[PDB]
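> 3D, please:
(chains A, B, C, D, E, F, G, H and I, ligands or ions: 3)
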Amino acid sequence: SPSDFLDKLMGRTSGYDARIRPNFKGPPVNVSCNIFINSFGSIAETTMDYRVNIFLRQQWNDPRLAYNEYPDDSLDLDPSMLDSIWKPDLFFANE
Amino acid sequence: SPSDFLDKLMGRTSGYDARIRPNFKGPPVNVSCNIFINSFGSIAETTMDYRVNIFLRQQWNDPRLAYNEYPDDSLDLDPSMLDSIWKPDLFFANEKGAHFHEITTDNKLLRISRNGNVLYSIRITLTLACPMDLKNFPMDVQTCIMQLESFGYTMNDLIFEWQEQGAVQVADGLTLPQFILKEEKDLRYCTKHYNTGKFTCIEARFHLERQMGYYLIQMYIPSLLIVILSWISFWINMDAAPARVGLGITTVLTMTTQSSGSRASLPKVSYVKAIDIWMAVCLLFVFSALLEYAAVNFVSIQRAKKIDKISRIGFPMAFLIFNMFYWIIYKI
Amino acid sequence: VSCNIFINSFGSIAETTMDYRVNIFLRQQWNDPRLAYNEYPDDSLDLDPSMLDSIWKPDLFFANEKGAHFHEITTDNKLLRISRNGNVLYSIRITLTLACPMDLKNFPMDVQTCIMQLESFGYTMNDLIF
Amino acid sequence: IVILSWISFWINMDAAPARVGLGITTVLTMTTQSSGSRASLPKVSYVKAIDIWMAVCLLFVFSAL
Amino acid sequence: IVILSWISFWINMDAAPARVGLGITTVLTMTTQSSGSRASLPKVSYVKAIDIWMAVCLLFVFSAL
Amino acid sequence: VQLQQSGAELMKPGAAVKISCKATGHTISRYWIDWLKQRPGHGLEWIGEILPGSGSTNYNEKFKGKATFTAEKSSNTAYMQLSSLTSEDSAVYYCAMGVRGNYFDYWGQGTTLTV
Amino acid sequence: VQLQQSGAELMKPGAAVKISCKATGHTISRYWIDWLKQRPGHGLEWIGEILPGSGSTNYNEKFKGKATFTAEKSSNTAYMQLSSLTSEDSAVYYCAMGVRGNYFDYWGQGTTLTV
Amino acid sequence: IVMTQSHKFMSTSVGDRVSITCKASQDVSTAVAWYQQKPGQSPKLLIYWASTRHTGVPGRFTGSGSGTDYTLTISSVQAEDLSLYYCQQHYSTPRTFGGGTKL
Amino acid sequence: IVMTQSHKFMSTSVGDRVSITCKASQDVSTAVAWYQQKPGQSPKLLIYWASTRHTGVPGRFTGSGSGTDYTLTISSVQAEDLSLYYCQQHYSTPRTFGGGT
Ligand SMILES: *[C@@H]1O[C@H](CO)[C@@H](O)[C@H](O)[C@H]1NC(C)=O
Ligand SMILES: *[C@@H]1O[C@H](CO)[C@@H](O)[C@H](O)[C@H]1NC(C)=O
Ligand SMILES: *[C@@H]1O[C@H](CO)[C@@H](O)[C@H](O)[C@H]1NC(C)=O
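Numbers count the residues shown, from 1 in each chain, chains lettered A, B, ... in the order given. Ligands and ions are numbered 1, 2, ... in the order given. This is the structure:
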């Protein structure tokens, strides 16, 4: 079941924790990532800034999420369950 | 029971999931949708945007919501239970800042039909930024747009469409300063392809026929009045050597005061406009007045009357040659 | 819904922005007849000003509101009074920036009927009347 | 400034560099009055009653020289 | 306005109240140009290239009288 | 504020005709316009609905594919076009406008059509 | 809006050649570009994909290390470079552009290559 | 959605009590409308939502009824009252009218 | 993921009912397309998402089928209506076509 798919991924029966980085007690996580700019510009003279609109692609490996139930390779998910999984802590210096 | 009605719809005993698109493991979802504008307008020059208030109707099918309990066809629901059901992930490309409206209630309509079709409506205030071509700014037709776009789903999951009949609605009485909203509206298919993949897009085309009623009296009339004010330089006595010098220099400063009093809300854009070259050619004509007389001052008797004979009659006939030339080209 | 407004700071009419920032209270009354009680004999009875999200509420908004918000200063500024039979007195505080389309043919001698428009959204006219 | 334009029509006729210093500065002053009249004012297409008083006062000081 | 200062050096030598009305107004105009050049500009310590062009154009119209 | 109609017509069976409804007072795309069928002997019978800004309709179950609802924003005029006239269709029609609900309070004047 | 290709070529086994795809109408980095292999006797066979702004690809499992995808933004031209030509590789190629999904609706004209 | 009245005609005299017993299919709402059509002119609203009245209404006509029964009660009959009557449900998408009753 | 047709040639009389069955490997979706290729020129879209049409195809070309069966149905055959026929699946990453007709 697609409901039972996320039951093995996340939730109670899964035992997943989102508070732990992937590859714990071992290697770090390298992040291949790039930006998808939308409205770059509005460079200010006095305020000395510019308002930019971007998308932020990033990729990593979370190797504790193996599955053999559904044979789909690429698989989108719910865009609100991302707080139930691990996330990088990136920010911008002069944001 | 009406409490037991939602118990079979949503909640514990239902087994509904809101995290799954309708028609899963199969067809995508086409979305017939249109906007209900409320306060379109406030087009900014420097900021290059406009603050619009819309309602957003959209319709789709969620076929796992069949019921035979209550025989009502159209049935409104609680406007706060919409987070407990599936929702499209639309946003706007140039939205530049947007938010909901939780004033006294989530202003979020949710109507479910008998079979599973869902009528949906929410209220969104935008500040959409349009890249505006301003080669002829007082006579421009600016197609300022919005772009609906799905983000968390590709084109094998969700499709945006318009309505087959009446795919845009304009609330009446929406009259604007410097603008009229043109009635015919192009509704075409944009499409976004990202590195994640194929994304569905739909967009509207709002042609802004600008009303030039502001810049005529405010800008054109002070540009018109000072040019013909330069003509009385060429009629006074020739012994008015400290008097004629007090006319052209102050009025070219006045046109400089006109030029400095013409770019306040104007943006800082590279290419030239049509509004500024009228200011510059009116600046050049009032610039043209005294070096005529400075060419007289090297000559200065009837020989100086000959070079004024070109200027006393021929030069006040030398202004309408450009005014007719102006309105022909950049009127489209 | 019998209702009226209790204005506090009307004014700040803007010329360019074409709006005005008003501070109001919003009284409204209706009947919720499934709230009958014979336990306590008090007729008028105030309640907790934060339990209003646990009961039904009208879905009113303003048409040209142009930006609005609640006031949670030290308490949800949200009155809730329930009568004996089931009639509900209700009052909340809303700051608006209502935009009026102003006819300015004679601007120093104008009489500008600047308006607000209450409106229900999540219910049709077979469910709610203002 | 409109009644200030009336003293142009009373001075000596040999005041040819003097009368020229009155009307041009005051029509610049009414232009300074007109530019000092539209700060908080919106940008609306149709004409008002406040601006045509400025324009007819601009035309009367324009009428002097 | 810089090439506008050149017509000071061509008029009659008996134009003593006339030549004085050219350079002082135009250096005020370049001051009006300089004051009409720093609106959105920040307040930074070091010198630019945009402002020294304004200053050398201010000095050339200063150089006339 | 009251609506207005044009002159009544007369057609043959199997034909098709449009019924106009001129609006005086406001912009007709703001409010709804409904239609009622008054066949004599029997009574009144609602047809449908049109918001003239949208043209979105809800035709009746007995009147599926019966009427065609268009609008004229250039002169504030609502249009109802029929098709396949039979002897069951000789009736009196009305363009009404009911504001505070599905009932009817504003009207035109009535148009009688005979097949 | 239709794509365009250059003249067809002819090579020897074991060689390598690039196939160009000139774009007329827009900027080709906006949309995808796909490639299809039409060997006669058999049918069509998709190769890969390229967003010309990124160059991000998804080559086929049978075509792992088969094609090389580059782009020319100076004249809106997409490039497909091959390697290690064999007798299984004499085919007809296409630069297509399928907008509303993984299928194909816009095309060029076709280029036949023989090993 | 089937409406059911009682009679097309009821014989009475001027200044009497007369009521109309309309009945709907199921319990739609209290959304009950009453239309009076004089001969030669249009049908005019009398009562909407089974209790309220029009602007410029005849004030001597009352409405009542709830559930599966609804009634246009007329306790005062005058000379201009000789006309037709209709009931209505408007709590659904079809606007199904009643049987009709001329006085 | 292999699209599997039934025949390599389908010729009949003019104006017949012809149905082209093409089975996929697994139940991918109703993402089923149909491609017609005239000789001497390029292929062309017929159906996408198993029910719709390309812009400019007047009538007589419909699609149906779901699950493990999908069908291109042509009830009105004309003179130009015999050429290369192909099924398609586009609910996965490998864009794999069918047998061909
Ligand atoms: C990240 O680390 C993995 C671990 O070996 C490596 O294979 C990969 O090339 C690295 N770089 C990426 C994903 O850009
Ligand atoms: C959406 O898809 C369904 C599925 O067949 C179709 O019937 C409908 O016409 C489509 N378009 C809409 C709802 O605008
Ligand atoms: C609201 O409806 C009730 C129901 O009969 C009525 O008694 C009352 O007068 C109405 N108006 C109000 C409360 O203003």
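> give the contact list for the residue most central in space within chain F.
The C-alpha lying nearest the average C-alpha coordinate of chain F belongs to residue F:35 (CA atoms, centre = their mean; 3.8 Å). With contact taken as CB atoms under 8 Å, 6 or more residues apart in numbering or on different chains, residue F:35 is in contact with F:46-48, F:67, F:80, F:93-96. Heads up, the C-betas are built off the backbone N, CA and C, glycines and all.
> quick one: which of the residues you listed sit in strands?
Those of the contacts of residue F:35 mapping onto strands are F:46-48, F:80, F:93-96, per DSSP state E.
> Give me the neighbour count for residue 73.
I went with chain A, as the question did not name one. 8 (other CB atoms under 10 Å in any protein chain shown).
> that's the wrong chain, I wanted chain H
14.
> Check which helix or strand it maps to.
Secondary-structure assignment from DSSP states H and E places residue H:73 in strand H:69-74.
> Would you quantify the distance from the nearest residue to the residue nearest to the centre of chain F once chain neighbours are set aside to chain C?
Nearest in space to residue F:35, with sequence neighbours left out and distances taken as CB to CB, 6 or more residues apart in numbering or on different chains, is residue F:47 at 3.8 Å. Using CB to the nearest CB, to the nearest Å, residue F:47 is found at 20 Å from chain C.
> In this structure residue F:47 contacts residue F:67, no?
Yes - counting by CB atoms under 8 Å, residue F:67 is a contact partner of residue F:47 at 5.5 Å.
> what comes up buried for the helix or strand where residue F:78 lies?
In this structure, residue F:78 sits in strand F:77-81 according to DSSP H and E. By neighbour count on 16 or more other CB atoms under 10 Å in any protein chain shown, the buried set for strand F:77-81 is F:77-80.
> Just send these back as TSV, with distance to chain A too.
Formatted as TSV, the buried residues of strand F:77-81 follow (distance: CB to the nearest CB, whole Å):
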residue	distance to chain A
F:77	44
F:78	43
F:79	44
F:80	46
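> Out of those residues, flag the one nearest to chain I.
residue F:79 (30.1 Å; CB to the nearest CB).
> right, quick check: stretch H:49-69 against chain F, any contact?
Yes - Stretch H:49-69 reaches chain F (CB under 8 Å from any CB of the partner chain) through H:49, H:54.
> Can you pull out the residues in contact with that stretch?
The contact list for stretch H:49-69, computed with CB under 8 Å, 6+ apart, reads F:101, F:105, H:21-24, H:26-27, H:30-32, H:34, H:44-48, H:70-76, H:78.
> pull the CA atoms of it into PDB?
Extracted C-alpha coordinates of stretch H:49-69, given in PDB (Å, rounded to 0.1, in the frame of the first residue of the first chain):
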ATOM      1  CA  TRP H  49     -37.500  32.000   3.500                       C
ATOM      2  CA  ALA H  50     -41.100  31.100   4.600                       C
ATOM      3  CA  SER H  51     -41.300  34.100   7.000                       C
ATOM      4  CA  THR H  52     -40.000  37.300   5.500                       C
ATOM      5  CA  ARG H  53     -41.500  39.900   3.200                       C
ATOM      6  CA  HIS H  54     -40.700  42.200   0.300                       C
ATOM      7  CA  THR H  55     -40.100  46.000   0.200                       C
ATOM      8  CA  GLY H  56     -43.400  47.600  -0.500                       C
ATOM      9  CA  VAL H  57     -45.200  44.300   0.400                       C
ATOM     10  CA  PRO H  58     -48.800  43.600   1.300                       C
ATOM     11  CA  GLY H  59     -48.500  43.500   5.000                       C
ATOM     12  CA  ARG H  60     -51.600  41.500   5.700                       C
ATOM     13  CA  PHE H  61     -50.100  38.200   4.500                       C
ATOM     14  CA  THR H  62     -48.100  36.000   6.800                       C
ATOM     15  CA  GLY H  63     -45.900  32.900   6.300                       C
ATOM     16  CA  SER H  64     -45.300  29.900   8.600                       C
ATOM     17  CA  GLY H  65     -44.600  26.200   8.500                       C
ATOM     18  CA  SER H  66     -41.500  24.000   9.100                       C
ATOM     19  CA  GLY H  67     -40.200  20.600   8.400                       C
ATOM     20  CA  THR H  68     -42.300  18.800   5.700                       C
ATOM     21  CA  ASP H  69     -45.300  21.300   5.900                       C
END
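> Centre of the chain to it, how far?
Chain-centre distance of stretch H:49-69: 8 Å, with CA atoms, centre = their mean, to the nearest Å.
> list the contacts for the residue minimising distance to the centre of chain H?
In chain H, the centroid-proximal residue (CA atoms, centre = their mean) is residue H:34; its distance is 3.6 Å. Neighbouring residues of residue H:34 by CB under 8 Å, 6+ apart: H:20, H:45-48, H:63, H:72, H:85-88.
> can you check residue F:85 too?
F:11-17, F:115 are the contacts of residue F:85 under CB under 8 Å, 6+ apart.
> what's the answer for residue F:80, then?
For residue F:80, the contact set (CB under 8 Å, 6+ apart) comprises F:18-19, F:21, F:35, F:47, F:67-69, F:93, F:95.
> Name the SS class of residue A:3, please.
helix (DSSP: H, G, I helix; E, B strand; the rest coil).
> so what's residue 90 up against?
Assuming you mean chain A. Under the criterion of CB under 8 Å, 6+ apart, the neighbours of residue A:90 are A:56, A:58.
> nope, chain H
When contacts are counted by CB under 8 Å, 6+ apart, residue H:90 touches C:126, F:101-103, H:31-33.
> returning to that earlier point: now, the most widely separated pair of the contacts of residue F:35?
Distance extremes for those: the farthest pair is F:67 and F:96 at 14.5 Å, using CB to CB.
> any residues in contact with both of residue F:47 and residue F:67?
With CB under 8 Å, 6+ apart as the test, residue F:47 and residue F:67 both reach F:35, F:59, F:80.
> so which of those would you say is closest to residue F:29?
Nearest to residue F:29 out of the shared contacts of residue F:47 and residue F:67 is residue F:80 (CB to CB; 15.7 Å).
> Without its sequence neighbours, what residue ends up closest to that closest one?
residue F:19 (4.5 Å).
> next one: phi and psi at the one you found?
Note on residue F:19: its backbone torsions stand at phi -110, psi 120 [degrees, to the nearest 10].
> same check, this time on residue H:81
According to degrees, to the nearest 10, residue H:81 has phi -80, psi 0.
> picking that back up, next, format the contacts of residue F:80 as a markdown table and append distance to residue C:62.
Compiled in a markdown table, the contacts of residue F:80 are given as follows (distance: CB to CB, whole Å):
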| residue | distance to residue C:62 |
| --- | --- |
| F:18 | 41 |
| F:19 | 39 |
| F:21 | 33 |
| F:35 | 34 |
| F:47 | 36 |
| F:67 | 38 |
| F:68 | 38 |
| F:69 | 32 |
| F:93 | 39 |
| F:95 | 33 |
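> among those, who's most crowded?
residue F:95 (28 neighbours).
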